[PDB]
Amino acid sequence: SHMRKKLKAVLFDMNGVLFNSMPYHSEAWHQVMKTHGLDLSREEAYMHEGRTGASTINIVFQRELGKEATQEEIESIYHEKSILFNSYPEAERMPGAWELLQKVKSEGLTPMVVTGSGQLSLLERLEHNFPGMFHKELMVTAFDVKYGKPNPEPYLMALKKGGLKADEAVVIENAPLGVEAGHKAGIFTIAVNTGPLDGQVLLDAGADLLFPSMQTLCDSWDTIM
């Protein structure tokens, strides 16, 4: 209740929060890896949600083959994963995301995007799907980071870009590595379990609140702190 008046900004992940894109991202990781000669299950792709493509790929190479991926393997796999993602009927808005962003903006809060994604098709569609909401100066993407989630790094960058202190922001995340990153950046973190995981893993990652959907979050927004 003290900390509600402090709030200046709401920091959203994109995949699994703004867009219902994760069934596609997991499918694509799995398929591109299969094609390369590596086993990456759809469930495990979900566990890597938040990491850079480069990080995801390297980790999977270590676990499966006992070696680093080369820069060329990384660029090739990542480019293919993107082609494959773009082959599916374009991902739609998560139900509740746009209603929530209207609530946030009417409360005078600044929306931000903090994503580990580099998917240009989705980043360019932010304006078309949530008009007037986001600005490129107030976003953090895969293009900005050296390490990425679950390194607090991208949310630390977001606080800096927004001229914010950790207590002036809230994080909305759906994936454990992202919840971790927000938490370790010292920001109050709301988890929304939009994926196929036990909500417990989101609490274990440091989430302050847990909601089952973006819609239910939106409904309870006004009763929070």
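All residue numbers are counted from 1 along the displayed sequence.
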{"query": "Which of 138-146 and 102-110 has higher mean CA B factor, as the PDB entry lists it", "finding": "102-110"}
{"query": "Stretch with the higher entry mean CA B-factor, where the candidates are 14-22 and 208-216", "finding": "208-216"}
{"query": "Member of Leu122, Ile77, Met94, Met133 with the greatest C-alpha B factor (per the PDB record)", "finding": "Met133"}
{"query": "Residue, from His183, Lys67, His30, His48, that the PDB entry assigns the highest Cα B-factor", "finding": "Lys67"}
{"query": "Third assignment of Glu127 from its chain's C-alpha B-factors", "finding": "lowest"}
{"query": "CA B-factor ranking of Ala175, expressed as a third of its chain", "finding": "lowest"}
{"query": "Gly53 - Cα temperature factor, lowest/middle/highest third of chain", "finding": "middle"}
{"query": "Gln200 CA temperature factor, ranked by third within the chain", "finding": "highest"}
{"query": "Entry-reported Cα temperature factor of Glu73, expressed as the chain third it lands in", "finding": "middle"}
